[PDB]
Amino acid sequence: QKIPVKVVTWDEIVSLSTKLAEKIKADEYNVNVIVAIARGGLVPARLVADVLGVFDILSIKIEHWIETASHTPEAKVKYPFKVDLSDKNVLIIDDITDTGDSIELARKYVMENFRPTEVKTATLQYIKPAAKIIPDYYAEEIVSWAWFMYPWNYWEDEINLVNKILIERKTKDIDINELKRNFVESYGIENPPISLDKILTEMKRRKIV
């Protein structure tokens, strides 16, 4: 019932994004167009583009669906479109390769619909034990599964982590102090980037509580 959670800072994102770009430099892959996987790849896409000198970034939104009875997972491009990237070297970017389901779909999608000369894949992180497909480049190998909390995800991640606690509670409990204590117990996070009272307020606004 504990979940391993790792808080990632902006300094780490800069550091990881730069290291990722350096691998691509060293490999002398000449990137013309970066395709970001939305939403997780937008930020790393931009930073890699800055270091490598890539002017053209596009994005595709990938949704993840689960069938209730079978527990079957399915990944889908939402708002799919076509453009002509023939004559271009494409780099697909996302934040993390977990199962590898996302970069697998992105790669197929891009090859069929953008028809680029070449395609490669890159993510900041790569979970060795979990990944069915290995991205062509990654900045950091992860050998033990954890949930990575990115700085562009602090609100949503904390909202979901709070929710996971609240639905266990047999009797409602507003004592923010209980909530904070559980957060430490369950997630190992003594100081959430966004304070839990702010998270609660926002959950109310959204009609989540």
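Numbers follow the displayed sequence, beginning with 1.
Legend: mean Cα B-factor per stretch from the PDB entry, 42-50 versus 25-33; the higher mean is in 25-33. For the pair 137-145 and 177-185, the mean B factor over Cα atoms is greater in 177-185. Of the candidates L161, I60, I167, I57, the one whose C-alpha carries the top B factor in the deposited record is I167.
Among the modelled residues of its chain, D101 has a C-alpha B-factor that falls in the middle third, as given in the PDB entry.
Placement of the Cα temperature factor of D11 within the chain: middle third of the modelled residues, per the deposited record. The deposited CA B-factor of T68 belongs to the middle third of values across its chain. In this PDB entry, the Cα temperature factor of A122 sits in the bottom third of its chain's modelled residues, the lowest group. Annotation for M111: C-alpha temperature factor in the highest third relative to the rest of the modelled chain, per the entry.
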